[PDB]
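Comments concern the structure below.
Rendered as C-alpha cells:
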C-alpha cells in the first residue's frame with residue numbers, strides 16, 4: 000500500500028552514490044545521523060545540497076521533495 016518511506020540517493024564529491032531508505036517524516040538532522048557511518052562523515056560536518064540550496068537541519072526531507080532524487084554531500088567544518 013501507501014509508502015511510509017522515501018528512497019534518497021546521496022552522492023559525495025568522489026562521485027560515489029549510495030541509496031538510503033528512510034522514514035517519510037525523517038528530518039535533515041536525523042538523516043545526516045543516519046548516513047554518517049556509510050559516508051564516513053560525522054553528522055555535524057555534513058552539508059547536504061539539492062537544487063542549488065543547502066538543506067536545513069530542522070526541515071523534513073519531504074519538504075524538499077527528495078524522494079527518488081540525488082542529494083549532494085559535502086564535508087565541511089561545523090558552524
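Numbering (the deposited numbering), first residue to last: 0, 13 to 90.
Cβ coordinates follow ideal geometry from the N, Cα and C atoms, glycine included.
Exercise for review: Just the C-alpha distance for residue 56 and residue 34, rounded to the nearest angstrom, thanks.
Suggested key: Looking up residue 56 in the chain shown gives position 45. Looking up residue 34 in the chain shown gives position 23. Just so you know, the alpha carbons of residue 56 and residue 34 end up roughly 22 Å apart.
Review point. If we ignore side chains and look at the alpha-carbon of each, how far apart do residue 66 and residue 90 end up?
Key: Counting from 1 along the chain shown, the entry for residue 66 is found at position 55. Counting from 1 along the chain shown, the entry for residue 90 is found at position 79. If I take the Cα positions, the gap works out to 14 Å.
Check your understanding: For residue 79 versus residue 13, is the C-beta spacing smaller than 7 Å?
Key -> Locating residue 79 in the chain shown gives position 68, counting from the first residue. Locating residue 13 in the chain shown gives position 2, counting from the first residue. Residue 13 sits away from residue 79, with the two beta carbons spaced by 7 Å or more.
Exercise for review: Using beta-carbon positions only, say whether residue 39 and residue 82 come within less than 7 Å of one another.
Suggested key: Counting from 1 along the chain shown, the entry for residue 39 is found at position 28. Counting from 1 along the chain shown, the entry for residue 82 is found at position 71. The answer is no: Cβ separation not under 7 Å.
Check your understanding: According to DSSP, is residue 57 helix, strand or coil?
Key -> Residue numbering aside, residue 57 sits at position 46 when the chain shown is read from its first letter. Here residue 57 carries a strand assignment [DSSP, helix/strand/coil].
Check your understanding: If residue 43 sits next to residue 54, beta carbons under 8 Å apart, how far is it from one beta carbon to the other, in whole angstroms?
Key -> As a first step, residue 43 must be located in the chain shown, where it is residue number 32. As a first step, residue 54 must be located in the chain shown, where it is residue number 43. The pair is a contact, with the Cβ atoms about 4 Å apart (cut-off 8 Å).
**Study point:** Straight-line Cα distance separating residue 24 from residue 52
**Key:** In the chain shown, the residue the question calls residue 52 occupies position 41. In the chain shown, the residue the question calls residue 24 occupies position 13. Taking the straight line from one Cα to the other gives about 12 Å.
Check your understanding: Which residues in the same chain have their Cβ closer than 8 Å to the Cβ of residue 45, if we skip the five residues on either side of it in sequence?
Key -> Position 34 of the chain shown, counted from the first residue, corresponds to residue 45. 31, 33 and 37.
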